[PDB]
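Asks: What follows is a structure written as structure tokens; I'll ask about it next.
Number of protein chains: 2
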Amino acid sequence: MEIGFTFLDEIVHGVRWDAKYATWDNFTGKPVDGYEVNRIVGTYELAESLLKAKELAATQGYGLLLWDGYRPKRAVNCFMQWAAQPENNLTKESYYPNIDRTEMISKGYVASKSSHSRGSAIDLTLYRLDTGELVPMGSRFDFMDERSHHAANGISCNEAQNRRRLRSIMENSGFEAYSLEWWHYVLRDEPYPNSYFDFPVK
Amino acid sequence: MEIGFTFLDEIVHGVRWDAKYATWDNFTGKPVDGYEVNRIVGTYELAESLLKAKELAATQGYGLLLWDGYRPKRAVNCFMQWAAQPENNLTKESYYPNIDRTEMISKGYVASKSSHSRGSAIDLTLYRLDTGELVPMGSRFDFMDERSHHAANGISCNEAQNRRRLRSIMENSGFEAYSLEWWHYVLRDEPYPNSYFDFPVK
């Protein structure tokens with residue numbers, strides 16, 4: 001395991017993650033390059049702050065479900081390559097209706113460079129601690145639509161509120177949100193900005 | 001970690017599992033009791049034989065995707081409790097159309113006792129090594145229908161053949177198949193028959 005990085009599962013004890021990119025259940029239809037393990041990897045500092053966010057279980061009984069943490073540069077390249085492929089309509093309906101695969105790298109859904117490769121960015125949700133179900137956010141992970149924006153409309157009051165709560169828990173835990181994606185958070189004072197890693201998640 | 005058991009991912013190196021029960025993506029709609037960490041746990045002997053089955057990568061370029069290995073008794077109880085709950089139609093369409101939740105524990109889909117609790121049973125599939133996609137099996141994991149039977153009809157020649165290949169790889173690796181579920185395999189000479197464990201998957 002790379003230095004300054006750890007498997008977050010051993011730090012965030014009772015977490016029920018699902019490494020989306022380590023399974024065929026993502027927008028590309030199959031595990032992205034560099035993902036040979038269904039585990040979330042991350043920087044010790046990310047784990048530390050995630051622990052603080054998860055301890056905000058004090059909020060409205062929420063649990064966190066992690067989807068993606070550190071993402072290898074090659075995974076980002078894999079995304080870019082995928083965006084450049086002809087439309088097979090395999091994941092369109094679920095991940096990007098309303099947008100075309102042509103404009104993926106212009107509307108800015110799949111950039112050439114990801115904060116994830118720095119190891120301090122995380123994708124997550126919150127599940128009800130009391131009921132166990134997933135807190136409704138109005139759009140799915142990797143929705144790639146204006147619907148996924150924090151400030152989005154067309155989302156119910158509960159869904160918008162829910163996003164606000166996720167954000168609040170993250171911001172109060174050392175993270176910075178991102179307006180275009182309610183699920184995206186980056187550690188505010190990350191250990192390796194400028195550093196885009198490429199070791200595999202395994 | 002319990003004795004004679006290990007995290008399979010540490011033995012089965014480049015495996016791309018997806019602990020279905022450790023995520024809301026199962027028939028109950030949420031992580032079953034005992035499923036905390038998104039990892040496949042199993043007996044050393046199960047790992048040993050899974051390694052042999054995975055080395056049958058020699059077959060038609062197949063990779064294995066693990067869904068479930070050791071399953072705590074409490075997870076089995078959780079399934080039973082779920083089967084006894086009123087129908088909310090939340091997962092019906094995907095996991096059990098054609099069957100009713102009333103007859104779940106009679107048609108034998110959710111028994112009071114699972115070979116999984118012995119730690120040598122495994123649920124898996126094979127993905128094409130060459131292309132990367134999932135090998136089509138005709139029915140989804142936990143389909144709970146006659147369609148899920150190894151000898152089932154209503155499944156294409158390729159799909160039936162595919163199941164046969166999974167089975168063959170497993171049988172040649174020390175496993176015994178189960179006719180009612182193409183994904184179910186049990187180690188033939190398992191270390192703890194008669195032993196139904198209840199430590200959590202974490």
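Protein sequence lines, in the order shown, are assigned to chains H and R. Here the first sequence is numbered in the working numbering, starting from 1 and rising by one per residue. Here the second sequence is numbered in the working numbering, starting from 1 and rising by one per residue. Ideal Cβ positions, reconstructed from N, Cα and C, are used throughout, including at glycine.
#1: Taking 8 Å as the cut-off, decide whether the C-beta atoms of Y127 (chain H) and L187 (chain H) are in contact.
#2: Grab the span of the alpha helix (DSSP H) containing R164 (chain H) for me, first residue to last.
#3: Using a Cβ cut-off of 8 Å, which residues of the region 125-143 of chain R contact any Cβ in chain H, in chain order?
#4: If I11 (chain R) sits next to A57 (chain R), beta carbons under 8 Å apart, how far is it from one beta carbon to the other, in whole angstroms?
#5: Have a look at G138 (chain H) and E55 (chain R) and give me their C-alpha separation to the nearest angstrom.
#6: From what residue to what residue does the beta strand (DSSP E) around residue 204 (chain R) run?
#7: By alpha-carbon positions, which one of R:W24, R:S117, R:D130 and R:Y178 ends up nearest to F199 (chain R)?
#8: Mind listing the chain R neighbours of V37 (chain H)? Cutoff is C-beta to C-beta under 7 Å, in chain order.
#9: Once you ignore the five residues that flank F175 (chain H) on each side, which residues in its own chain have a CB closer than 8 Å to its CB?
#10: In the DSSP assignment, the beta strand (DSSP E) including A47 (chain R) goes from what residue to what residue?
#11: Going straight from the alpha carbon of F5 (chain R) to that of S114 (chain R), what length do you get?
#12: Count Cβ pairs between the region 72-88 of chain R and the region 143-154 of chain R that sit closer than 8 Å; are there 3 or more?
#13: In three-state DSSP terms, what is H149 (chain H)?
#14: If the cut is a Cβ gap below 7 Å, which residues of chain H does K30 (chain R) touch?
#15: Residues of chain H with CB under 7 Å from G42 (chain R), in chain order?
#16: Alpha helix (DSSP H) containing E93 (chain H): first to last residue?
#17: Taking the beta carbon of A22 (chain R) as the centre, do at least 16 other beta carbons fall within 10 Å, making it buried, or is it exposed?
#18: Since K202 (chain R) meets chain H, which of its residues come closer than 8 Å, beta carbon to beta carbon?
#19: Comparing C-alpha positions only, which one of R:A19, R:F27 and R:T59 sits nearest to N162 (chain R)?
#20: Report all residues from its chain with a CB closer than 6 Å to the CB of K30 (chain H); omit the five preceding and five following residues, and keep chain order.
#21: Can the beta-carbon of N38 (chain R) be found less than 8 Å from the beta-carbon of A75 (chain H)?
#22: With DSSP as the reference, please indicate the residues paired to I122 (chain H) in a beta bridge.
Replies: This is what the structure gives:
#1: Sequence index remark: in the first sequence, residue 127 (chain H) carries index 127 (1-based). Sequence index remark: in the first sequence, residue 187 (chain H) carries index 187 (1-based). Cβ distance not < 8 Å, so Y127 (chain H) and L187 (chain H) don't count as in contact.
#2: To locate residue 164 (chain H), count along the first sequence from 1; it is residue 164. In this chain, the alpha helix (DSSP H) harbouring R164 (chain H) covers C157 to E171.
#3: The residues in question are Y127, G132, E133 and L134.
#4: Mapped onto the second sequence, residue 11 (chain R) falls at position 11. Mapped onto the second sequence, residue 57 (chain R) falls at position 57. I11 (chain R) to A57 (chain R), Cβ: 15 Å. No contact.
#5: Numbered from 1 along the first sequence, position 138 holds the residue referred to as residue 138 (chain H). Numbered from 1 along the second sequence, position 55 holds the residue referred to as residue 55 (chain R). Cα-Cα distance, rounded: 43 Å.
#6: Given that chain R is displayed from residue 1 to residue 202, the structure contains no residue 204 (chain R) and the question cannot be resolved.
#7: The residue you call residue 199 (chain R) lines up with position 199 of the second sequence. Comparing Cα positions, the closest option is R:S117.
#8: To locate residue 37 (chain H), count along the first sequence from 1; it is residue 37. Within chain R, the residues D9 have their CB atoms less than 7 Å from the CB of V37 (chain H), given in chain order.
#9: For the purposes of this step, residue 175 (chain H) is taken as the residue at position 175 of the first sequence. Scanning its chain for C-beta atoms nearer than 8 Å, with the 5 sequence neighbours on each side dropped, one finds around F175 (chain H) the residues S49, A53, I122, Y185, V186, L187 and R188, in chain order.
#10: Locating residue 47 (chain R) in the second sequence gives position 47, where the first residue counts as 1. Premise fails: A47 (chain R) lies in the alpha helix (DSSP H), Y44 to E55, not in any beta strand (DSSP E).
#11: Here residue 5 (chain R) refers to the residue found at position 5 of the second sequence. Here residue 114 (chain R) refers to the residue found at position 114 of the second sequence. Their Cα atoms are separated by approximately 17 Å.
#12: No, the region 72-88 of chain R does not touch the region 143-154 of chain R.
#13: As a position in the first sequence, residue 149 (chain H) is number 149, starting the count at 1. In the structure shown, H149 (chain H) falls within a coil segment according to DSSP collapsed to helix, strand and coil.
#14: On the second sequence, residue 30 (chain R) is found 30 positions in, with the first residue counted as 1. Simply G132 and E133.
#15: Within the second sequence, residue 42 (chain R) is the residue found at index 42, counting from 1. Chain-ordered listing is empty here: chain H has no CB closer than 7 Å to the CB of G42 (chain R), the nearest sitting near 14 Å.
#16: As a position in the first sequence, residue 93 (chain H) is number 93, starting the count at 1. Here the alpha helix (DSSP H) through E93 (chain H) covers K92 to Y95.
#17: Translated into the one-based positions of the second sequence, residue 22 (chain R) becomes position 22. It is buried - the Cβ of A22 (chain R) has at least 16 other Cβ atoms within 10 Å.
#18: Residue numbering aside, residue 202 (chain R) sits at position 202 when the second sequence is read from its first letter. For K202 (chain R), the chain H residues whose Cβ falls inside 8 Å of its Cβ are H13 and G14, in order along the chain.
#19: The residue given as residue 162 (chain R) occupies position 162 in the second sequence. When each option's Cα is compared against that of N162 (chain R), the closest is R:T59.
#20: Counting from 1 along the first sequence, the entry for residue 30 (chain H) is found at position 30. Counting only Cβ-Cβ distances below 6 Å, and skipping sequence neighbours, we find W24.
#21: Here residue 38 (chain R) is taken as the residue at index 38 of the second sequence, counted from 1. Here residue 75 (chain H) is taken as the residue at index 75 of the first sequence, counted from 1. No, they are not a contact pair.
#22: Here residue 122 (chain H) is taken as the residue at index 122 of the first sequence, counted from 1. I122 (chain H) is bridged by DSSP to H:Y185.
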